[PDB]
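Quick heads-up: it's one chain on its own, the form deposited in one PDB entry, in structure tokens.
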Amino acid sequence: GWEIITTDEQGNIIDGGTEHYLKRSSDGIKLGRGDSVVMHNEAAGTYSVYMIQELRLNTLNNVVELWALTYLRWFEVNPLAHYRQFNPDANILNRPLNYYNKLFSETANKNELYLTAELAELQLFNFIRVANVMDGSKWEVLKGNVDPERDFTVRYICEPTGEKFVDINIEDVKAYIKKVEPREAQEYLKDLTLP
């Protein structure tokens, strides 16, 4: 129940002979490069969020591959790595490893996501809803009026293992992702977390 829409740089192209996005027949949800989606994740037993990175039309197939960049949710952070980074005198620790689990779980904003450079193929039948992913400032605006099921904030890209946090402007990332070549885009975001 999803349609494919192809356009030049602006107007649509007909079927009879270039950007791709998906449109839902039901309401008119548009999904394309830069949009974030909440996805059912059967293996994790909880939902995941991604930013769409490429709608690869697979002439290999006559089928559509929806590739996206994976967000981390709070519980996928490495709480020791996070603490040690943001407390420099906390690479010399003395606490139990489980204290760091309690501390992170208890103080983290559960709707703060962390970008990663890791791609996933997403299947449309697992799509739950569009994510509203805003930067740290836009998130101060909304504080007492956020919907914990749609509304998310991002401050960092980091490694898929939940460490090495680097400040990013998420709104700048969306615009970058919808401009440059996917392969170039992913490889650049991959370099953002390396010494």
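Only residues modelled in both forms are compared. Throughout, rigid core stands for the largest set of C-alpha atoms superposing within 1.5 Å between the two forms. One rule holds for the numbers: they count along the sequence shown, beginning at 1.
- The modelled chain breaks after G17 and resumes at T18, leaving 10 or more residues of the deposited sequence without coordinates.
- Taking the PDB entry as given, 62-70 carries the higher mean Cα B factor of the two stretches 62-70 and 36-44.
- Comparing the deposited coordinates for 8-16 and 176-184, the stretch with the larger average C-alpha B-factor is 8-16.
- Per the deposited coordinates, the residue with the largest Cα temperature factor out of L93, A120, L103, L80 is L93.
- In this entry, the residue among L31, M51, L55, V146 with the greatest C-alpha B factor is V146.
- Among the modelled residues of the chain, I128 sits in the lowest third by CA temperature factor in this PDB entry.
- Per the PDB record, residue ranking by Cα B-factor puts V141 in the highest third of the chain.
- Split the chain's modelled residues into thirds by C-alpha temperature factor. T107 is in the middle one.
- Per-chain ranking of the deposited C-alpha B factor places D151 in the middle third.
- In the deposited entry, the Cα temperature factor of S26 places it in the highest third of its chain's modelled residues.
As for the form deposited in another entry, it is not shown, yet the points below apply to it.
- Comparing the two forms between the shown form and the other one on the rigid core, the single residue of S137, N145, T46, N61 with a CA shift of 2 Å or greater is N61.
- Core-superposed comparison between the shown form and the other one: the Cα of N87 travels 2 Å or more.
- Here's the thing about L60 and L69: their CA atoms end up at least 3 Å farther apart in the other form than they are in this form.
- Shown here is a form in which the CA atoms of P88 and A108 lie at least 3 Å farther apart than they do in the other form.
- Core-based superposition between the shown form and the other one shows that the consecutive residues, three or more at a time, whose C-alphas shift by 2 angstroms or more lie in 8-12, 58-62, 87-89, 91-93.
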